[PDB]
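Participant: For the sequence shown, the residue numbers in our numbering are 117 to 624. Ideal Cβ placement from N, Cα and C applies to all residues, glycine included.
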Amino acid sequence: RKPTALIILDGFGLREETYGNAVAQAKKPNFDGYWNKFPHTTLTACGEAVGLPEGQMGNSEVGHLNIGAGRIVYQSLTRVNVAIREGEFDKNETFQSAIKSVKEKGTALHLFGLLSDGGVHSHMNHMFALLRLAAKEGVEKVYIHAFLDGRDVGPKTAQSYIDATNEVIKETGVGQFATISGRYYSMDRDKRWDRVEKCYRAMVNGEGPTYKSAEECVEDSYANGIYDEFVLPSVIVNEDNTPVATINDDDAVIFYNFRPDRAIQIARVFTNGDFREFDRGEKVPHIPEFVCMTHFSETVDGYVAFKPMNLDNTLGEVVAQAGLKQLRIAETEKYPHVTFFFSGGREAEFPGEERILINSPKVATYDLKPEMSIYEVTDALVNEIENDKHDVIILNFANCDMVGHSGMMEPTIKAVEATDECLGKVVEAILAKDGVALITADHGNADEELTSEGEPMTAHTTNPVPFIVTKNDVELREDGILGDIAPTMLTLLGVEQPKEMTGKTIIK
Ligand SMILES: [Mn+2]
Ligand SMILES: [Mn+2]
C-alpha cells in the first residue's frame, strides 16, 4: 500500500531576494535536498489564479479550497469582474430574460444595491455594466435606488459616487436616481423590519422625504448631521412633486449586491409572495423578474445571475469514490483547512476519510513557540504511515504562516527549520513505503518578514509556491496553479479526472 502524500508547508513562498527572507536565510537541507534530487516547479498561488482580484496575496482558506478543488474557485467580486472584463456579463441569460420582459411589457427596469467602490457587499462598477447593458439592449426606462454606504468606504463620500454615477448616465443615455436610502435602512441583517419597511415604502409606495435630486437629498441629509450610512429612505421627484419612479407590476429589478447577508431581508420582501413579516399594504408589486447577482439564501424566490459553484468532485470526493482511504491531519490552526476548506466548504467526512487533530500549543501569537505542534503532528503521521492505513494523506505544516505573521525574522527562521526537520521525517517515511510526496505551499509569508525599510512584515506574500514530486522520472509544467495540484494527484494515483475539475495535471 503505497502512500501518496500531499504536504502543505503553509506560509512558505519562493523568493529570490534574501533580505527579509526567513525561508532563504533558513538552513533547509531536507527541502534543498528534495528540490535538487526530484522534479520541481513553481506555482502561482495568487490573484485570479485562485479566484481573487489580481495582485492580491492568497490566504489559507482560498488556498486550501483551491488545492482540494482541482479548479479555480472564484470569489464573488472577482467572478463578476472577470465576466465584465471578458464580455460574458452581457450574454448572461438571467439579465437578458429580465430585460426582455420590460421591452414586451412596456415597463421599467430597476437597479438597486450598495452605491460605492467598497468591494465588500457590492461594487458600483457592477451597476455601471448593468447601465451599459440596458442602454445597449434599448430599454426605455432605468431607475436607480441608491443604497448608501459610508461603512466600506469613507463616511461622507456618497456624492463622489453619485457624481461617478451621473457620468455613467451621460455616456450611456439611460439611468435615473429614483430613491436614496442609507444602508442602515436597506442593509439591516438583524431582523429589524421597521427599518426595512421604511426603505421599502419609499420604493413601491413613494413615501418619505422628497428631493429634486440625489445630491439635494444628500446635501440636506448632511445638513442635519445625518450621513451616508444613516440617511433616511428618500424619494427623488420630478419638477412637479410626483415620484420619479415607484416599483410597479411587471417592472424588472436587479439587486446587484453579491454578498448574501445584509442583502437577504430586502430581497425577501420583493420575492417571497407569502411574506407576512411586516404588512406591505396593498400595492405589492408581483409577477416579477427579480434578479440577484448571486444566491443569497434558500429563503429568496427570484432569479440568480451568477449561481454558486456547486463544487462537486473535489480531491476528497474523487479518491473516496475510487474506494481509496484518506487522511486529513494538522494542528488546530490549520485543521479547518485540511478538512472543511480542502473538502470544498464541506463539514462532513467522505467515505474512507479519517481526520486527526493535534492540539496547537497553549500559546498567544506563536512566535514565542516557533515550533508550535509540528513534532507531535510529525510523530502521529509517521505512526499512521508505519501502520499502512491510508492511500492518500493530506498534511499541513502550519509553522511558517503562523510564526511568519510575527514579522520577526529569527523566530520565523526557527520555524522554517523546524518545518524543515519534520518534512525529512515525513518524506523518509513515505518513500520507505514506496509512495510519493507532493511538497507544496498554499501561499507565502515567511519569505517576506521585513519590508523595504526593515519594518515588521506581518502579512502573506504574493510570491510563487514550490512544488516537488518525489518520483524520479516525471517532467513538470512551469505555469502551474493550485487548481492543477488535485489533477496531478489523480495522475499519481491512476484514478480518472472528472469533468468538474477544470485544472490540468502538472506531469508532462
Ligand atoms: Mn495558509
Ligand atoms: Mn495566515
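What is the DSSP secondary structure of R444, reduced to helix, strand or coil?
Facilitator: One-based indexing of the sequence shown puts residue 444 at position 328. If DSSP states are grouped into helix, strand and coil, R444 belongs with the strands.
Participant: State the Cα-Cα distance for the pair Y259 and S329, rounded to the nearest angstrom.
Facilitator: As a first step, residue 259 must be located in the sequence shown, where it is residue number 143. As a first step, residue 329 must be located in the sequence shown, where it is residue number 213. If you take the alpha carbons of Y259 and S329, they lie about 13 angstroms apart.
Participant: Out of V334, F228, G289 and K286, which has the shortest C-alpha to C-alpha gap to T273?
Facilitator: Here residue 273 is taken as the residue at index 157 of the sequence shown, counted from 1. That would be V334, whose Cα lies nearest to the Cα of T273.
Participant: Nearest to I285 by CA position, among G270, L249, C315 and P271, is which residue?
Facilitator: Against the sequence shown, residue 285 aligns to sequence position 169. When only C-alpha atoms are compared, the closest one is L249.
Participant: Is any heavy atom in ligand 1 found nearer than 7 angstroms to the beta carbon of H521?
Facilitator: Mapped onto the sequence shown, residue 521 falls at position 405. No - ligand 1 has no heavy atom lying nearer than 7 angstroms to the Cβ of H521.
Participant: Please identify the residue among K118, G174 and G184 whose C-alpha is closest to the C-alpha of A161.
Facilitator: On the sequence shown, position 45 is the one that residue 161 refers to. Of the candidates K118, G174 and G184, the one whose C-alpha sits nearest the C-alpha of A161 is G174.
Participant: How close, in whole Å, do the beta carbons of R384 and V420 come, if the pair is a contact with beta carbons under 8 angstroms?
Facilitator: As a working mapping, residue 384 is identified with position 268 in the sequence shown. As a working mapping, residue 420 is identified with position 304 in the sequence shown. Actually they are not in contact, since the Cβ atoms of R384 and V420 sit about 15 angstroms apart, beyond 8 angstroms.
Participant: Looking only at its own chain, which residues have a Cβ that is under 8 angstroms from the Cβ of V351, when we skip the five neighbours before and after it?
Facilitator: Locating residue 351 in the sequence shown gives position 235, counting from the first residue. The answer, listed in chain order, is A294, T295, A318, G322, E323, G324, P325, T326, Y327, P359 and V360.
Participant: Closer than 6 angstroms is what we want: which residues have a beta carbon that near any heavy atom of ligand 3? List them in chain order.
Facilitator: Among the ligands modelled here, namely ligand 1 and ligand 2, ligand 3 does not occur.
Participant: What span of residues does the alpha helix (DSSP H) with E500 cover, start to end?
Facilitator: Position 384 of the sequence shown, counting from 1, holds the residue named residue 500. Element bounds for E500: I490 to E502.
Participant: Once you ignore the five residues that flank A480 on each side, which residues in its own chain have a CB closer than 7 angstroms to its CB?
Facilitator: Taking the first residue of the sequence shown as 1, we reach residue 480 at position 364. Excluding sequence neighbours, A480 sits near nothing in its chain.
Participant: I'd like to check one pair, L231 with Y277: are the Cβ atoms closer than 8 angstroms?
Facilitator: The residue labelled residue 277 in the question sits at position 161 within the sequence shown. The residue labelled residue 231 in the question sits at position 115 within the sequence shown. Contact: yes.
Participant: Secondary structure at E449, three-state DSSP: helix, strand or coil?
Facilitator: On the sequence shown, residue 449 is found 333 positions in, with the first residue counted as 1. It is helical.
Participant: Note down, in chain order, each residue of its chain lying with its Cβ closer than 8 angstroms to the Cβ of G570, except the 5 sequence neighbours on either side.
Facilitator: Stepping through the sequence shown from its first residue, residue 570 is reached at position 454. Taken in chain order, the residues that qualify are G136.
Participant: Consider the C-beta atom of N561 and the heavy atoms of ligand 2; say whether any pair is separated by less than 7 angstroms.
Facilitator: In the sequence shown, the residue the question calls residue 561 occupies position 445. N561 Cβ: within cutoff of ligand 2.
Participant: Secondary structure at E355, three-state DSSP: helix, strand or coil?
Facilitator: The residue you call residue 355 lines up with position 239 of the sequence shown. In the structure shown, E355 sits in coil (DSSP, three-state: anything other than H, G, I, E or B).
Participant: Rounding to the nearest angstrom, what Cα-Cα distance links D558 and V454 in this structure?
Facilitator: Taking the sequence shown and counting its residues from 1, one reaches residue 558 at position 442. Taking the sequence shown and counting its residues from 1, one reaches residue 454 at position 338. Rounded to the nearest angstrom, the two C-alpha atoms are 11 angstroms apart.
Participant: Verify the contact flag: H576, CB atom, against every heavy atom of ligand 2, threshold strictly below 7 angstroms.
Facilitator: Along the sequence shown, one-based indexing puts residue 576 at 460. Yes, the beta carbon of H576 sits closer than 7 angstroms to at least one heavy atom of ligand 2.
Participant: Are there 16 or more other CB atoms within 10 angstroms of the CB of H506, so buried, or fewer, so exposed?
Facilitator: Start at 1 with the first residue of the sequence shown, and residue 506 comes out as number 390. Label assigned to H506: buried.
Participant: Between the stretch 522–534 and the stretch 484–493, can you find at least three pairs of beta-carbon atoms closer than 8 angstroms?
Facilitator: The answer is yes - the stretch 522–534 touches the stretch 484–493, with three or more Cβ pairs under 8 angstroms.
Participant: Entirely within the stretch 288–341 and at least 3 residues each: give me those beta strand (DSSP E) ranges in chain order.
Facilitator: Entirely contained in the stretch 288–341, the beta strand (DSSP E) runs reaching 3 residues are, in chain order, 292–298.
Participant: Of the choices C408, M303, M240 and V236, whose alpha-carbon is the least far from that of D279?
Facilitator: Along the sequence shown, one-based indexing puts residue 279 at 163. If we check each option's Cα against that of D279, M240 comes out closest.
Participant: Who are the near neighbours of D600 in its chain, counting only those whose CB is closer than 6 angstroms to its CB and skipping five residues on each side?
Facilitator: The residue labelled residue 600 in the question sits at position 484 within the sequence shown. Result list for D600: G619, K620 and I622, in chain order.
Participant: So, for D550: in the same chain, excluding its five sequence neighbours on each side, which residues have a beta-carbon less than 8 angstroms away from its beta-carbon?
Facilitator: Taking the first residue of the sequence shown as 1, we reach residue 550 at position 434. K118, listed in sequence order.
Participant: Can the beta-carbon of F422 be found less than 8 angstroms from the beta-carbon of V196?
Facilitator: Here residue 422 corresponds to residue number 306 of the sequence shown, with the count starting at 1. Here residue 196 corresponds to residue number 80 of the sequence shown, with the count starting at 1. In contact: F422 and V196 (Cβ atoms closer than 8 angstroms).
Participant: Can you list, in chain order, the residues of its chain with a C-beta nearer than 6 angstroms to that of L608? Leave out the 5 residues immediately preceding and following it.
Facilitator: One-based indexing of the sequence shown puts residue 608 at position 492. Here the set comprises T120 and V552.
Participant: Whose CA, out of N282, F466 and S297, lies closest to the CA of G266?
Facilitator: The sequence position of residue 266 within the sequence shown is 150, counting from 1. The residue with the shortest Cα to Cα distance from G266 is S297.
Participant: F466 bridges to which residues according to DSSP?
Facilitator: One-based indexing of the sequence shown puts residue 466 at position 350. Answer is none; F466 lacks a bridge partner.
Participant: Below 8 angstroms, how does it come out for the stretch 177–191 and the stretch 137–154: are there three or more Cβ pairs, yes or no?
Facilitator: No: fewer than three Cβ pairs fall under 8 angstroms.
Participant: When DSSP labels each residue in this structure, what does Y277 get in the three-state scheme?
Facilitator: As a position in the sequence shown, residue 277 is number 161, starting the count at 1. Helix.
Participant: Pick from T410, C516, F211 and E447: whose alpha carbon is nearest that of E253?
Facilitator: In the sequence shown, the residue the question calls residue 253 occupies position 137. The shortest Cα separation from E253 among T410, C516, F211 and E447 belongs to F211.
Participant: If you draw a straight line from the C-alpha of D310 to the C-alpha of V290, how long is it?
Facilitator: Counted from its first residue, the sequence shown places residue 310 at position 194. Counted from its first residue, the sequence shown places residue 290 at position 174. Approximately 33 angstroms between the Cα atoms of the pair.
Participant: Of the choices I474, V435, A562 and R305, whose alpha-carbon is the least far from that of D483?
Facilitator: Counting from 1 along the sequence shown, the entry for residue 483 is found at position 367. Ranking the options by Cα distance to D483, first place goes to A562.
Participant: Who are the near neighbours of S476 in its chain, counting only those whose CB is closer than 7 angstroms to its CB and skipping five residues on each side?
Facilitator: What you label residue 476 is simply residue 360 of the sequence shown in a count that begins at 1. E447, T448, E449, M488 and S489, listed in sequence order.
Participant: Could you spell out where the alpha helix (DSSP H) holding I200 opens and where it closes?
Facilitator: In the sequence shown, the residue the question calls residue 200 occupies position 84. Unbroken alpha helix (DSSP H) run through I200: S192 to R201.
Participant: Nearest to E502 by CA position, among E612, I123 and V542, is which residue?
Facilitator: Taking the sequence shown and counting its residues from 1, the one referred to as residue 502 is at position 386. Comparing Cα-Cα distances from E502 to each of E612, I123 and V542, the minimum goes to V542.
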